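*Asks:* no sequence on hand, only this structure:
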């Protein structure tokens, strides 16, 4: 954590800088070039004509604004680079650009505003015609203008401390000797002006390289890239022209162009076309007016950048930059020159755009804005939630039972933790909204606890019904009432927000059930209610202890300091690594978060010490007004963060103190959407219980089916009818003519005698039919059943034989035919289909269940079979319809959206792998020597292990094939190397400690009390290191078969305690000699202070010394001498 904020944005907020810009623009800059005086001492002689166009093109207001913005960016980046830890350059005062306070920054900007207002024309340098130096005269005019301005407005005492400060800044502005590195102000003005003037010098590529080399030593390589990128953006925003940068002549010219230092005029001459191979091979540079002769040649830019050392050292060897006329932001710079506000707003816009685009380019681009289609498990969870809404009687006090299956608190909790709530809520409907009130009625008496331990428990159902439940409201009004319940934060909202993020501790089953039930329904209501013009800023309050706040501030500072919008190269890989490892947006929550537009309400009513400010340039957030605005105030909004939208910090400002005196911080967050933030999903976790319920329902259908099997004994009935008709065939012949006529025509219910006609009928048709049916029913040959029923005696034959016994037999055969067809339809369609869908649910295969569904017969086909009871028919049709309507949506969108940007992920993985390998090698290089190094190594190992976990997650995401295992050979190899280093480190530390202790044992021949103190301090340090090794050995060696050997460390401690004993012997000798040598109060005032100092040192020794017999003897001697001194004081000194 730095002592100053990572952000400096004076131009946006400050008043004095803007006032100074307005004054200078109204007085000097906003006027045509007047032309230099022909004679400075004689105005009457007139003026020379301006050397260029009278308009202030190159040095107008645009130049001043761009230079001031570049100076502010330079300080921005210098502070960032110091925070990252890489050393910066130093000016001759020994100060660093990160050490300039904001007050000096404001003074520097004010004194920079006057740097160019003195000019009269575009002449530069010494003039041969008049022997004059227009630069000095112009800057003298500027110095006089600055002095006049500072005197006129009485600025001294307001900003500047005294006259000497004004004189220092005047000497800065005058620039008599171009003292480029005297002090940070000199650098921050001069090199900023040079960076801005870079655009005019030609050739552009060499000028850009030289400017990079100038900025590198002062701010750093990454800073030398960021500043140039920002200045390019300012160039395009304000509307200047930029020459084309083309360092490898890709546009196919005859040559890249002669190499020439634009500021100095250096040119490299080769003698006889001997192309070199390194920069050091170049001979010394000739001057600008050197002539070529014979077969000599100028070094070409292409050949110069073909050299390898320049390629390695200077990153811009390969790059290519966009020309200005290609984008043609031309010529509205002349329009920007008319008013300061336009250019200042454009500068601020570009500055914000750079910072946002850095992060957005660091992450993957947004493939689509339309939301995902639901995952199979989310559809299952939505169905489960609706089914629970169906009835609350199935809810028990410590578990949820539904459709013959129970659910634990774990299921609801990890359903909340894992799955989306927005899509699941969107899957619900209004019948569930009414079932909400039904559930509230059922759960009237259950208790509820808030997060405040002193809060009185409340019955949630009673509270809802009395206060929340509006009298006879329509469904939309109940949705608004649910939002209204969300409004009452104190008693109910805290518990919900703590449960939904695992922050809860000690809540029972009904509270977690209510949370997982209410969150999707509340979000559903929020989407359904209304659309409101969304404000572009939101302030969210929070209350946190300082201990958490410091870590949060450090994480935000690291994230801000690592994101950079480089020009030449891409550091997107580092930004992605740093954001994921340190982001805190999971704390922002996955629930309805209450926000407001007005900071005043937060600072007055709540007085919270932590405030989040969210920006939504893309409109990714969709805040909604709080339902019924009739009672709901204007400044109350609810926001739901999707999973693929994450918040990242860009500003950390210390704004003020709370009424309790605690510092209040205000963060700023930019919402970014990217498929990279979609968490990995443990799919199928909730599909399993749903499949279990479906299987249970199918099994209950099978239960009813085998009950109907038990209902009829078809085999016995068929056998009985066969026996009866065999007996009928065995009857004596009924040969009476009238008997035959009555037998055939009339309902003769007396067939104890059979006519020959009906006997032949039976023998020919019924005997084969029933015998075949019986044989089939023994063998269960079912197509053979169908064939026999095709052989069945036609109703025409029974109409011929209308005897009453024949009619009864025909009725029995119709009953048996219906029973046989019922058995046919069951054992062919349903029972095999029920078994098949049982396997499919066991296999969790939707397609096989659907196939078994198609195999199942239709409802009307079952209705044809009258022998099937209406209860079983209804049950079977209900099973069919339920499985259809539950599985068909379940088949939809079984594939999660795919992260298809393979190139970006692969490149990022390769860069990260190289970086972590380099860091592991650097860790391997380490050899510790003390406790602090050991602790630093432990922390480094921990963060490297976290980086390896990040690598594991990225590698898992890189895995696209479903039928291959994910590889961790490289990551595990680095982990093994790190563990080997972890084993080696304590051994090296112990060896170094032992060697240093052996060195320390050499006591000096002559020892003084300060030597006593210093050598005791060294001994204490070594003893503390040995105690650290003791604790490490105790921690690690627990459970090992080897004994807890510490004899060697106890020997080292014995050496150190003998050291202590000898040193304490010297101390005690001196102290006792001084005590016995006391003669008077003067000798007391001389010795007793020294005696007491030695005795305090001896008490420190006793604290370090153990309770051994020799140690206790020394302690007893020290205590006896101290008691003698104390007695002498207390008694004799009053004497």
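*Replies:* Okay, I see it. Numbering: from 1, shown residues only.

*Asks:* okay, CA-based contacts and neighbour counts for the rest of this
*Replies:* OK.

*Asks:* what lies in contact with the strand ranked longest in the chain?
*Replies:* In the chain, taking DSSP state E as the definition, the longest strand is strand 645-657. Strand 645-657 is contacted by residues 5-7, 355, 553, 556-557, 559-560, 579, 583, 585, 609, 620, 663-674, 677 when judged by C-alpha atoms under 8 Å, 6 or more residues apart in numbering.

*Asks:* got the buried residues for the lengthiest helix in the chain?
*Replies:* Ordering each helix of the chain by length in residues (DSSP state H) puts helix 969-1000 first. Residues of helix 969-1000 classed as buried: 971, 974-975, 977-978, 981-982, 985-986, 989-990, 992-994, 997 (neighbour count, 16 or more other C-alpha atoms under 10 Å).

*Asks:* now do residue 673 against residue 897, distance only.
*Replies:* Relative to residue 897, residue 673 is positioned 15 Å away (C-alpha to C-alpha, to the nearest Å).

*Asks:* what about those two, which has more around it?
*Replies:* residue 673 (24 against 13; other C-alpha atoms under 10 Å).

*Asks:* contact partners for that one?
*Replies:* Taking C-alpha under 8 Å, 6+ apart, we find residue 673 in contact with 366, 620, 644, 645, 646.

*Asks:* now the last one, which residues is it bridged with?
*Replies:* Beta-bridge partners recorded for residue 646 (DSSP bridges): residue 672.

*Asks:* strands of the protein, start to end?
*Replies:* For the chain, the strands defined by DSSP E cover 269-270, 297-298, 400-402, 405-407, 537-542, 593-595, 610-615, 624-625, 637-639, 645-657, 663-673.

*Asks:* what would these look like in CSV with distance to residue 1087?
*Replies:* Converted to CSV, the strands of the chain look like this (distance: least, C-alpha to C-alpha, whole Å):
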stretch, distance to residue 1087
strand 269-270, 82
strand 297-298, 85
strand 400-402, 83
strand 405-407, 81
strand 537-542, 60
strand 593-595, 70
strand 610-615, 57
strand 624-625, 80
strand 637-639, 75
strand 645-657, 52
strand 663-673, 50
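
*Asks:* out of those strands, which comes closest to residue 706?
*Replies:* Closest to residue 706 of the strands of the chain, according to C-alpha to C-alpha: strand 405-407, at 22.5 Å.

*Asks:* any idea how far the longest strand of the chain is from the chain center?
*Replies:* Mean C-alpha position of strand 645-657 versus that of the full chain (C-alpha atoms, centre = their mean, to the nearest Å) differs by 15 Å.

*Asks:* then stretch 472-483?
*Replies:* That offset, for stretch 472-483, works out to 36 Å (C-alpha atoms, centre = their mean).

*Asks:* can you check stretch 314-321 too?
*Replies:* Relative to its chain's centre, stretch 314-321 lies at 32 Å (C-alpha atoms, centre = their mean).

*Asks:* buried ones in it?
*Replies:* Counting neighbours by 16+ other C-alpha under 10 Å, stretch 314-321 gives 315, 316, 317, 320 as buried.

*Asks:* okay if I get those as JSON lines plus distance to residue 112?
*Replies:* Listed next are the buried residues of stretch 314-321 as JSON lines, based on distance: C-alpha to C-alpha, whole Å:
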{"residue": "315", "distance to residue 112": "31"}
{"residue": "316", "distance to residue 112": "30"}
{"residue": "317", "distance to residue 112": "33"}
{"residue": "320", "distance to residue 112": "32"}
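
*Asks:* so which of the residues you listed are in helices?
*Replies:* Counting by DSSP H, no part of the buried residues of stretch 314-321 is found in helices.

*Asks:* farthest-apart pair in these, please.
*Replies:* Greatest spacing in the buried residues of stretch 314-321, by C-alpha to C-alpha: 315 and 320 (11.6 Å).

*Asks:* residue ranges of the helices in the stretch 101-250 of the chain, please?
*Replies:* All helices of the stretch 101-250 of the chain, identified by DSSP state H, counting those that start in this stretch, fall at 102-112, 134-152, 163-174, 184-197, 204-219, 221-238.
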